[PDB]
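# Report on the structure
One-letter residues, chain by chain:
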Amino acid sequence: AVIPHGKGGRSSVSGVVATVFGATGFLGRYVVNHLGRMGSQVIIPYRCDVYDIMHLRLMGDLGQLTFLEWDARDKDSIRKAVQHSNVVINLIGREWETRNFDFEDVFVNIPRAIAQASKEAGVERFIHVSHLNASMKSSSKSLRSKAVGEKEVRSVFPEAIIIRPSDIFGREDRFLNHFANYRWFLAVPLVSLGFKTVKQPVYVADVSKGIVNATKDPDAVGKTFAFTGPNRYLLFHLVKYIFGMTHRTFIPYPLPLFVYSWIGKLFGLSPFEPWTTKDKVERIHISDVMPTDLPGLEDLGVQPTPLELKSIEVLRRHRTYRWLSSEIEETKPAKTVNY
Amino acid sequence: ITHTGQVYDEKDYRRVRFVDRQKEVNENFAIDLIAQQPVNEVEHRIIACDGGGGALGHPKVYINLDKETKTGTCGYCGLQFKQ
Amino acid sequence: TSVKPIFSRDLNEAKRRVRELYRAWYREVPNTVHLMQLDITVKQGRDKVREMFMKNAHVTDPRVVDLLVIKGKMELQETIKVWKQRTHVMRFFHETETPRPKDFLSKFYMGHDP
Amino acid sequence: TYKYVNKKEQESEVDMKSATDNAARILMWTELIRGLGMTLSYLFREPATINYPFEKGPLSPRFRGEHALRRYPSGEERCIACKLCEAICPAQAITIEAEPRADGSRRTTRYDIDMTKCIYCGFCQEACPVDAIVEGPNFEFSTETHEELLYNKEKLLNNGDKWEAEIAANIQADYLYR
Amino acid sequence: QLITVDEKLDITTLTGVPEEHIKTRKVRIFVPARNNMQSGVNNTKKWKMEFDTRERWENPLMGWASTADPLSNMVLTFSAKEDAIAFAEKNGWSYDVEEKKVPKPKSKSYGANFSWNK
Amino acid sequence: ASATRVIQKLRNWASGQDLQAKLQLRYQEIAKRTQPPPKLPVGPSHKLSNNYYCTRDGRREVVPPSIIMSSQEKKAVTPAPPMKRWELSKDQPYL
Amino acid sequence: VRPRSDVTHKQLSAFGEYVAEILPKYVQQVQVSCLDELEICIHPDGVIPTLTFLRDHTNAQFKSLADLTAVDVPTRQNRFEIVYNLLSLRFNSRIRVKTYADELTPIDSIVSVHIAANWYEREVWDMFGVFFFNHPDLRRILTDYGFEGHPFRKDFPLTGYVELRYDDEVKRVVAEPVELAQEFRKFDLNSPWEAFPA
Amino acid sequence: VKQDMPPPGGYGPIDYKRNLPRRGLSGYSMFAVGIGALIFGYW
Amino acid sequence: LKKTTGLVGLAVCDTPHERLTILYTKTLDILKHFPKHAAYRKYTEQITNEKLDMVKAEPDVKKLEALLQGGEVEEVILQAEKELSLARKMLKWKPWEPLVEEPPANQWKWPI
Amino acid sequence: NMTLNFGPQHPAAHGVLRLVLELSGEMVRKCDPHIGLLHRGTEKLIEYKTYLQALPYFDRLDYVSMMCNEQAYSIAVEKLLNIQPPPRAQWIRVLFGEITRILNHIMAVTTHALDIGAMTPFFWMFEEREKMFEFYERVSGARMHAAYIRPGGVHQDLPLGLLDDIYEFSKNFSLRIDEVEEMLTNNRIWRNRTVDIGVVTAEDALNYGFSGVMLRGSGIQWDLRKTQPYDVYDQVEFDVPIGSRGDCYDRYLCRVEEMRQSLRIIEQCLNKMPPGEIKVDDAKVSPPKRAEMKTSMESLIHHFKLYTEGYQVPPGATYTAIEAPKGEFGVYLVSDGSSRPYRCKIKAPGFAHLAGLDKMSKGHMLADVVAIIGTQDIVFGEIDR
Ligand SMILES: NC(=O)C1=CN([C@@H]2O[C@H](COP(=O)(O)OP(=O)(O)OC[C@H]3O[C@@H](n4cnc5c(N)ncnc54)[C@H](OP(=O)(O)O)[C@@H]3O)[C@@H](O)[C@H]2O)C=CC1
Ligand code: SF4
Ligand SMILES: [Zn+2]
């Protein structure tokens with residue numbers, strides 16, 4: 001262990017040495033931020049070239065962030081990453097099944113091997129992240145596969161926390177940017193005209209802070225928390241609201257999903273990071289599940305942050321010079337649906 | 001390992017620093033290298049070790065080699081001299 | 001005692017000046033939140049103004065008050081004549097820093113010297 | 001003693017010849033052509049640049065460059081931890097903590113020069129009584145990571161062993177001067 | 001014309017110090033003693049007020065001492081006890097003055113060492 | 001240097017100056033390295049006699065400032081003699 | 001030992017008396033250092049009057065302001081010691097007029113007497129906190145736009161209380177209380193032995 | 001004894017004054033050249 | 001007579017002796033109100049009277065420039081009216097009065 | 001007058017200057033320069049450092065005139081101690097004092113042109129600069145930021161052979177200045193962008209405390225080096241280059257003329273530098289020679305105390321000003337009896353000059369502002385300190 005000395009800011013010590021395999025991610029970026037702010041020792045396994053992880057260097061202090069070369073297929077790389085970590089956090093995930101990695105791999109196969117080694121190593125705790133409402137029978141292969149994982153990893157690593165976040169709201173997120181980027185599309189398809197798929201977003205930071213707090217709290221063991229949010233929404237208001245802040249016309253036109261799953265298939269064929277995914281589509285119209293579960297935010301210590309509050313920052317880049325100065329007050333809020 | 005037995009414990013995490021890198025240490029250790037040099041058998045009670053090279057050496061000091069049992073050792077070089 | 005007056009002969013006259021500055025800031029908060037594209041709420045900001053104007057509510061001496069507005073006026077000038085960019089303004093909100101608990105038990109659990 | 005620059009001693013009254021000469025100066029840009037001649041001239045001069053990797057700009061013995069800790073010929077590190085190199089460092093760069101070695105000799109358990117803090121003044125070179133810390137000739141030690149720039153005793157001692165031959169030659173050349 | 005104020009000059013509001021370090025910092029006004037190592041008394045002349053010592057945790061990467069307290073290395077020197085007390089009151093720091101303790105006169109005479117009966 | 005005469009002539013002309021006489025690039029005119037060893041001179045105060053420091057230490061023989069007009073017919077006096085006008089140079093008065 | 005000419009210590013001394021006599025309402029002390037430098041000391045109210053006499057007097061023309069500075073003696077009731085160093089290109093001599101100002105007792109501004117002071121007076125306010133009445137535009141010059149505290153005051157920590165880093169979460173530079181990774185080692189240097197009577 | 005000093009007898013003399021050379025064709029003569037070109041060119 | 005003074009901004013003043021005599025006589029007049037034994041009155045009256053006397057005595061400006069120094073004559077004109085302005089200013093200031101206030105004790109003790 | 005906030009656009013540089021301005025189209029109505037983009041604390045840091053460990057700060061205050069600045073602190077610390085440097089050291093300081101003036105003027109004239117748009121003069125003279133740096137390096141060890149001029153004289157005698165090379169260079173540098181001339185002094189275009197731009201009256205220049213070429217350019221005759229001689233600048237003979245019709249072009253001509261006059265001063269220094277020691281013999285102020293500290297006890301004690309504790313300057317205060325290449329550089333060094341200073345306000349020729357930007361660039365175009373920042377040789381290190 002490492003006795004925590006310091007005042008609490010950078011150049012201080014908190015005693016959390018933590019491997020974080022998928023740090024380069026949108027959620028990840030945030031996880032390393034708090035861990036680094038707190039003063040924790042963060043080992044970031046990376047596969048993308050050094051150029052892309054530079055954004056993580058200034059976070060954390062000198063000799064507090066260590067970057068290791070790692071390959072998912074190669075078991076040895078995971079082995080050495082967790083050699084000297086006592087906390088392992090797994091954020092490995094993707095939306096597009098890539099040529100050389102299947103949803104199973106990114107969600108269930110890999111995240112197993114990882115926790116498996118972590119145990120061999122003797123890491124005190126492992127945090128595994130799987131998408132919210134993930135039935136072993138859910139339509140989207142992604143969600144189901146993720147469900148498959150949360151089970152397995154429990155056998156490789158017992159009492160391994162399993163936070164299960166909803167789609168995340170944050171700058172650089174998809175949930176909010178995706179819809180806002182429908183601008184290019186003249187019309188914005190919305191299955192069931194964006195109805196009956198009530199959704200509860202959660203700010204990225206809230207998720208991050210929550211995750212971090214897990215690392216430094218004994219109360220969470222085998223817990224399957226669910227960071228959800230401060231307000232639910234029918235996809236209709238969300239879509240329009242977005243377009244509202246973006247100040248771009250909103251033209252909700254219903255599109256039969258059966259045909260739309262096909263549109264997802266189309267972009268899905270794209271070689272360079274398909275923008276929409278068959279598995280995405282389903283997910284988007286996959287209704288958010290209700291909140292009866294080990295609570296996440298608040299329960300883990302952070303009060304959720306309403307979407308409207310920070311939406312202005314996430315959607316600003318999509319506006320035009322004409323609306324750039326416009327502020328949240330000028331715009332209207334969307335409506336929640338306790339349903 | 002290092003000159004002073006600085007060896008991170010099997011559980012310390014600064015060992016992560018050495019992961020995928022060389023922990024810099026020097027094979028040539030002084031404690032040993034001075035030993036090799038033999039005791040200088042001077043024939044005067046007090047001799048001086050200018051440090052070798054005069055101005056290019058260490059401050060000049062005189063050592064009393066009177067103690068028959070032990071040998072004088074320059075607080076600077078570590079060189080030993082006996083009468 | 002026996003002090004020379006800086007600009008305000010008595011707390012009364014001085015308070016007049018504070019009123020003016022408050023108004024100034026009150027009228028300005030909205031503009032800044034728009035010319036700096038700050039991600040804050042005008043109402044929220046206006047409360048902050050109140051916070052500061054009261055953080056120094058205890059001062060009883062007229063001379064100290066007068067300097068306080070001189071300084072206050074200078075800050076406004078840096079924010080209406082914009083030389084202070086967002087990073088500067090948002091700092092007032094202490095947005096990134098983690099708040100420290102003041103509960104004894106809390107401190108005991110964390111810091112050697114509270 | 002002073003000197004007027006740009007002060008016209010007197011009013012030369014225009015003489016046609018003078019006027020023509022001037023008017024020609026404005027009309028046919030005569031002085032502008034003068035300037036072009038100067039640059040054409042150098043175009044023909046040999047360029048002063050050096051192939052940087054192949055040829056190196058000359059540095060004489062006192063060049064301060066990169067810190068190194070020397071050792072006696074026998075093999076005993078010169079530093080005896082008097083710690084005034086720490087005292088006179090202007091930037092607070094050198095951190096030294098010491099304890100009597102098993103031999104009984106005085107030696108530094110930890111000697112850390114923070115090169116990013118160091119401003120390469122060369123006073124440490126000056127201050128050392130045994131002249132254990134020296135400003136080594138190498139200036140090329142640019143590093144990918146900030147941590148590499150912080151240097152402990154082992155890096156400096158290793159730096160000392162690598163460059164000892166040239167450091168000895170450099171100190172040999174300049175010690176009479178000091 | 002001058003105005004009257006009985007308010008102890010407190011200028012804590014103008015100094016620009018973070019709230020935590022004005023209400024949790026105790027400073028001691030003391031005349032420095034002499035390290036017994038040396039017999040010179042030129043460092044036991046002026047009063048100094050020094051802020052209370054705070055955390056000095058070891059740094060993980062290099063082992064250097066690290067401090068989170070800004071007012072640590074600050075020791076202000078004041079010529080007289082009255083002036084130093086004034087600085088604490090107007091700056092709002094708590095103070096606990098220690099009276100100067102000067103060596104008492106000691107009677108010495110070389111003759112004594114050769115006393116018939118000591 | 002090492003320039004064919006014609007290039008030099010073009011150079012000298014286009015520049016309007018005998019640039020060859022004063023080339024910027026240095027060639028075997030610069031002080032050779034490894035100049036001979038230096039035996040520097042020891043200054044005063046190194047005498048072994050009549051060298052008492054008390055007689056050569058201006059550092060603290062200095063005294064506290066002299067005080068005039070402390071709070072605790074006559075002719076007018078200037079800060080100092082009025083300054084003397086500078087004189088035009090003689091090698092090159094103008095230009 | 002430096003060469004000292006007493007011609008100056010006499011000339012300057014006399015001038016000191018001359019100034020004092022001409023401006024007795026404000027001159028408190030007038031001394032000449034052993035370094036042949038005059039240093040009329042004036043009551044703070046004499047800032048405008050003493051300078052103006054020196055800028056515009058035939059027998060003492062002190063046209064340019066070399067510098068305006070404020071030492072801070074914390075012990076001294078009047079903390080700051082505003083020092084104005086002036087030069088007389090006519091008589092090739094410099095004089096220094098120094099006044100005393102406490103934290104909340106402002107000094108007059110001399111921007112009128114010398115416009116050079118427009119900037120230095122802003123510099124003294126930013127670093128030490130003395131205030132100058134009738135200044136055209138007094139506002140921080142050297143410190144950051146949002147800086148809180150006057151830095152050159154002896155009671156201000158060197159490292160200060162705030163430092164800046166870029167935070168990704170908020171994608172903007174953000175102050176945090178200073179956390180230093182090697183505190184300034186405060187070597188005690190005074191020796192316990194004095195040098196001379198001085 | 002051996003210290004770096006001016007050579008015996010002093011160094012030689014160094015030029016500091018501007019040596020810009022007033023070299024050019026006289027104005028009248030110059031005009032003629034261009035004028036002649038035009039005069040001939042026109043013919 | 002001269003073409004121009006070295007100083008850029010200053011411009012040649014024709015009838016310089018007359019311009020100086022006007023300014024010098026004015027100052028003497030203003031000083032006439034200063035308290036009788038006022039230090040400024042006695043000192044400046046002495047300086048101004050000597051300056052006039054020389055200006056009255058010398059009919060050649062170049063020698064006039066040498067006699068009262070002043071570099072160019074135009075500067076002396078600027079210095080005289082600058083002094084005339086301060087003489088008016090000091091009458092309002094009343095600096096001939098005694099010290100406004102004694103320095104707080106230990107205010108001027110540098111070793112500290 | 002739409003504020004443009006120009007200067008964070010790296011347009012005149014010389015450091016980083018946010019010259020907030022209000023411009024009705026291409027005319028400047030008001031210039032309010034912002035400063036402190038390079039404040040670093042140099043004045044407060046010095047209070048926590050001993051006299052010899054604060055010497056390196058002065059080189060950094062205005063680093064284009066690396067040494068000349070060091071001479072000002074030296075002189076100041078020598079005055080407080082009432083010690084003077086040995087005769088050879090004085091000449092050295094004047095030798096490297098002048099070499100440094102050239103270095104500054106090559107910087108000021110060529111960087112002025114680069115902003116104007118002439119780029120070949122910079123490359124021509126930066127090669128000469130380079131050659132000079134090498135003098136610094138072979139004397140101090142560092143190309144710039146030497147720390148050679150210390151409070152009691154120079155640190156180490158000149159290498160055995162430098163004088164000869166500071167001759168070869170000087171013997172030729174003139175032609176190099178001459179060339180720049182044939183390119184800019186009479187360019188039909190340099191004159192236009194420079195002539196009658198930023199004229200400053202004589203009375204106004206003294207009033208705003210300009211004190212530099214800026215005064216000399218307006219025709220005021222003041223060179224602190226002739227009026228109040230420091231070191232042995234009294235024993236040399238040089239001509240101050242005074243100017244008339246002060247404007248950007250005239251002052252320029254003045255800076256080219258001091259480059260010329262400094263070669264006259266350098267020549268002499270080489271011709272007449274004395275045999276002798278380069279540091280005071282008072283081990284009290286100057287550190288003992290290393291052969292002596294390694295063989296004599298009093299020398300070790302003096303070496304140990306000097307490096308660890310310090311000079312212990314007698315209590316007092318002094319304002320000593322030299323003629324740094326930019327203008328009057330002065331250090332007001334208040335000092336208690338302690339080994340570390342109490343205050344050290346650095347007067348920067350530049351804090352005064354920038355202030356004048358407002359009173360100089362009035363009713364001027366955007367390009368005019370660029371020309372005027374050049375004619376003040378603003379190095380933000382000295383202004384920001
Ligand atoms: N809206 C959301 O973001 C939600 C996310 N989640 C879960 O949170 C986790 C983090 O999400 P997010 O950050 O958006 O995901 P990202 O798409 O940002 O990727 C996360 C990280 O996983 C790494 N990664 C992906 N595939 C592989 C592979 N085959 N081998 C090695 N590394 C890989 C990536 O590294 P690289 O880019 O270098 O390949 C990346 O740094 C995910 O696992 C997801 O299941 C759950 C609910 C909502
Ligand atoms: S001075 Fe030389 S010897 Fe003394 S400690 Fe520093 S390095 Fe080691
Ligand atoms: Zn030895």
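Reading guide: rules and limits
- Residues numbered from 1 in each chain as written, not as in the entry; some residues may be left out.
- Chains lettered and ligands numbered in written order.
- Part of a larger assembly, values for the part shown.
- Heavy atoms only, no water.
- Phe/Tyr/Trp six-rings, centres within 6.5 Å; stacked < 30°, edge-to-face > 60°.
- Buried < 20%, exposed > 50% of the residue type's maximum accessible area, 1.4 Å probe, protein only.
- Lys NZ or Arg CZ within 6 Å of the ring centre and 35° of its normal.
- Pairing = 2+ DSSP bridges.
- Helix = DSSP H or I, 4+ residues; strand = E, 2+ residues; numbered from the N terminus.
- Contact = heavy atoms within 4.5 Å.
- Axes fitted to C-alpha atoms, helices over the stretch in contact; angles between N-to-C directions.
- Donors = N, O, S within 2.8 Å, 3.2 Å for Na, K, Ca; no water.
- Tetrahedral: all angles 85-135°; square planar, octahedral: opposite > 155°, others 65-115°.
- Buried area = accessible area lost by both parts, 1.4 Å probe.
- Salt bridge = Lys/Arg side-chain N within 4 Å of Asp/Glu carboxyl O.
- Nonpolar A, V, L, I, M, F, W, Y, C, P; charged D, E, K, R; others polar.
- Near = heavy atom within 4 Å.
- Polar contact = N/O pair within 3.5 Å; in protein donor to acceptor, adjacent residues only side chain to side chain.
- Areas by Shrake-Rupley, 256 points an atom, 1.4 Å probe, with all protein chains shown as cover.
- Expected span 1.5 Å × (residues − 1).
- Core = buried A, V, L, I, M, F, W, Y, C linked by side-chain atoms within 4.5 Å.
- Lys, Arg positive; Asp, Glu negative; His and termini not counted.
- Parallel < 35°, antiparallel > 145°, perpendicular 65-115°, else oblique.

In the PDB header, cryo-EM is given as the technique by which the entry was determined, and 3.1 Å as its resolution.

In this section: the packing of aromatic side chains. For the coordinates displayed, the defined rule picks out 68 aromatic pairs over all chains. With a centroid separation of 4.9 Å and 70° between ring planes, the pair formed by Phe122 of chain J and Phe123 of chain J is classed as edge-to-face. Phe123 of chain J gets classed as exposed once you look at its relative accessible area, which sits at 54%. A cation over an aromatic ring shows up here: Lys7 of chain D above the ring of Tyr4 of chain D, its NZ or CZ 3.8 Å from the ring centre. Above the ring of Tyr177 of chain D, the side-chain terminus of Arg62 of chain D is found at 5.1 Å from the ring centroid.

What follows concerns the sheet that holds strand β2 (residues 94–100) of chain D. Residue and element names in this part refer to chain D. Judged by pairing direction, the sheet is antiparallel, and its three strands sit side by side in the order β2-β3-β5 without closing on themselves. Strands with a single pairing partner mark the edges of an open sheet, and in this sheet they are β2 and β5 (150–151). Examined bridge by bridge, β2 and strand β3 (residues 106–114) share seven bridges and lie antiparallel to one another. Each bridged residue has a counterpart across the sheet, and for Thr95 the counterpart in β3 is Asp112. Across the sheet, helix α6 (residues 153–174) is in contact with β3 and β5; its angle to β3 comes to roughly 90°.

All right, on to the coordination of the zinc ion (ligand 3) then. Residue and element names in this part refer to chain B. Protein coordination at the zinc ion (ligand 3) comes from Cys49 (SG), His58 (NE2), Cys74 (SG) and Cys77 (SG), with a distance range of 2.0 to 2.7 Å. Geometry at the zinc ion (ligand 3) is irregular, judged from its four donor atoms and the angles of 71 to 137° they form at the metal. In primary-sequence terms, the residues that donate to the zinc ion (ligand 3) follow C-x8-H-x15-C-x2-C. With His58 in the loop between β2 (46–49) and β3 (61–64) and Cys74 in the loop between β4 (72–73) and β5 (80–82), this residue pair connects regions lying 16 residues apart in the sequence. For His58, a relative accessible area of 0% puts it in the buried group. Among the residues examined, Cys74 registers a relative accessible area of 3% and is labelled buried.

The next thing to look at is the interface of chain J and chain G. Listed by partner, the interface residues are 54 residues for chain J and 52 residues for chain G. Each partner contributes to the roughly 4,800 Å² buried at the junction of chain J and chain G, and carbon and sulfur atoms together form 57% of this total. Here chain J is connected to chain G by four salt bridges. Measuring nitrogen to oxygen at the nearest pair gives 2.9 Å for the salt bridge that ties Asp32 of chain J to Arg139 of chain G. Across the side of chain J that touches chain G, the residue classes break down as 24 nonpolar, 13 polar and 17 charged.

Residue and element names in this part refer to chain A. Every one of the 23 residues lining ligand 1 counts as a neighbour, but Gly25, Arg47, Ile92, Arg94 and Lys146 are closest to it. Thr24 is positioned with one of its backbone polar atoms (N or O) 3.3 Å from an oxygen atom of ligand 1. Between ligand 1 and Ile168 there is a distance of 3.0 Å, counted from a nitrogen atom to a backbone nitrogen or oxygen. In the complex, 89% of the free accessible area of ligand 1, which totals 880 Å², lies under the protein chains. Elements with a contribution of two residues or more to the shell around ligand 1: α1 (26–38) and α3 (103–121). Here the shell around ligand 1 is built from residues that sort into 13 nonpolar, six polar and four charged.

All names here are of chain E. Pairing in this open sheet of four strands is mixed, and the strands run β5-β2-β1-β6 from one edge to the other. In this open sheet, the two edge strands, each paired with only one partner strand, are β5 (75–78) and β6 (94–95). By the bridge criterion, four bridges tie strand β2 (residues 47–51) to β5 in an arrangement that is antiparallel. Its bridge partner being in β5, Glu50 is matched across the sheet by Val75. Contacts from helix α3 (residues 81–91) reach β1 (26–30), β2, β5 and β6, with the element oriented near 135° to β5.

Where 27 pairs of chains are in contact, the pair with the most contacts is made of chains G and J. With no contact formed, the shortest span from any C-alpha in chain C to any C-alpha in chain F equals 23 Å. What separates chain E from chain F at the closest point of their C-alpha atoms is a distance of 16 Å, and the two make no contact.

Taken together, the contact pairs nine residues of chain G with 15 residues of chain A. The junction of chain G with chain A conceals about 1,200 Å² of combined surface from both sides, 48% of it contributed by carbon and sulfur atoms. Viewed at the interface, chain A and chain G are joined by three salt bridges. Summed over the shared surface of chain G and chain A, the result is five residue pairs in polar contact. Counting residues per element, the side of chain G that touches chain A draws most heavily on strand β8 (residues 162–167) of chain G, at three residues.

A separate point is the environment of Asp114 of chain D. All names here are of chain D. Looking at where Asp114 falls in the secondary structure, it is placed in strand β3. Between the C-alpha atom of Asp114 and that of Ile133, which follows or precedes it by 19 residues, the distance is 14 Å. A polar side-chain atom of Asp114 sits 2.5 Å from a polar atom in the side chain of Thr116.

For the rest of this paragraph, the subject is unusual backbone geometry. Notably, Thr34 of chain F is not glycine yet its phi reads approximately 50°, a positive angle. Within the secondary structure, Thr34 of chain F sits in the loop between α1 (5–15) and β1 (66–68). When its relative accessible area of 79% is taken as the criterion, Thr34 of chain F is described as exposed. One non-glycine residue with positive phi stands out, namely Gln69 of chain I, at about 50°. Mapped onto the elements of the fold, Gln69 of chain I is located in the loop between α3 (61–67) and α4 (73–93). Using a relative accessible area of 30% as the deciding quantity, one classes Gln69 of chain I as partly exposed.

So, on to the pairing of strand β1 (residues 66–69) of chain D. Residue and element names in this part refer to chain D. Across the two faces of β1 the burial is the same, with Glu66 and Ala68 and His67 and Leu69 all buried. Sheet analysis places β1 next to strand β4 (residues 133–136), joined by four bridges and oriented antiparallel. Note on β4: the bridge partner recorded for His67 is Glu135.

A word on helix α3 (residues 117–128) of chain G. Residue and element names in this part refer to chain G. Under the 1.5 Å per step criterion, the end-to-end length of α3 is 15 Å for 12 residues, consistent within 8% with the ideal 16 Å. Counting buried positions along α3 gives 12 out of 12 residues, so the element sits mostly inside the fold. Along α3, the positions that sit buried rather than exposed are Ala117, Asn118, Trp119, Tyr120, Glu121, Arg122, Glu123, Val124, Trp125, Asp126, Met127 and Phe128.

Moving on, we get to the nonpolar core. If you look at the biggest cluster of nonpolar residues, it comprises 140 residues, and the most contacted ones within it are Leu54, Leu68 and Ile82 of chain G. With sequence-adjacent residues up to four places away left out, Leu68 of chain G is seen in contact with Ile82, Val83, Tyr84, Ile110, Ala117, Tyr120, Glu121, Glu123, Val124 and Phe132 of chain G. Within the second largest apolar cluster, 107 residues are counted, among which are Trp86 of chain F together with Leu103, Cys269 and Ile346 of chain J.

Inspection of the secondary structure puts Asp67 of chain G in strand β3 (residues 64–72). No salt bridge is formed by the buried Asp67 of chain G; the nearest opposite charge belongs to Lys345 of chain J, separated by 4.4 Å. Leaving out residues up to four positions away in the same chain, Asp67 of chain G has contacts with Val83, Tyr84, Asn85 and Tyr120 of chain G together with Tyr319, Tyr332, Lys345 and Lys347 of chain J.

This paragraph deals with the pattern of salt bridges. This structure, assessed with the given rule, holds 117 salt bridges over all chains. A salt bridge links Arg90 of chain G to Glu75 of chain I, with the shortest nitrogen-to-oxygen separation between them at 3.1 Å. Of this pair, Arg90 of chain G sits in the loop between β4 (80–88) and β5 (93–98) while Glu75 of chain I sits in helix α4, which puts the two residues in different chains. With a relative accessible area of 15%, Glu75 of chain I lands in the buried category. One salt bridge connects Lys94 of chain I with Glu97 of chain I, and the closest N-O pair in it is separated by 3.7 Å. Residue class for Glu97 of chain I comes out partly exposed when judged on its relative accessible area of 25%.

Moving on, we come to the pairing of β3 of chain D. All names here are of chain D. Burial of β3 is extensive: seven of the nine residues sit out of reach of the surface. Between β2 and β3, which follow one another and run antiparallel, lie five residues, and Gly104 among them has a positive phi close to 105°. Relative to β5, β3 is paired through two bridges, and the arrangement is antiparallel. Within β5, the position partnered with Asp114 by the bridge is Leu150.

Two numbers describe how helix α2 (residues 30–43) of chain D lies on helix α6 (residues 162–184) of chain J: the axes approach to 7 Å, and their chain directions differ by 135°. Between α2 of chain D and α6 of chain J, the angle falls in the class oblique. Here α2 of chain D contributes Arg34, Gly35, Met38, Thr39 and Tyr42 of chain D to the contact with α6 of chain J, which in turn contributes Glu179, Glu182 and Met183 of chain J.

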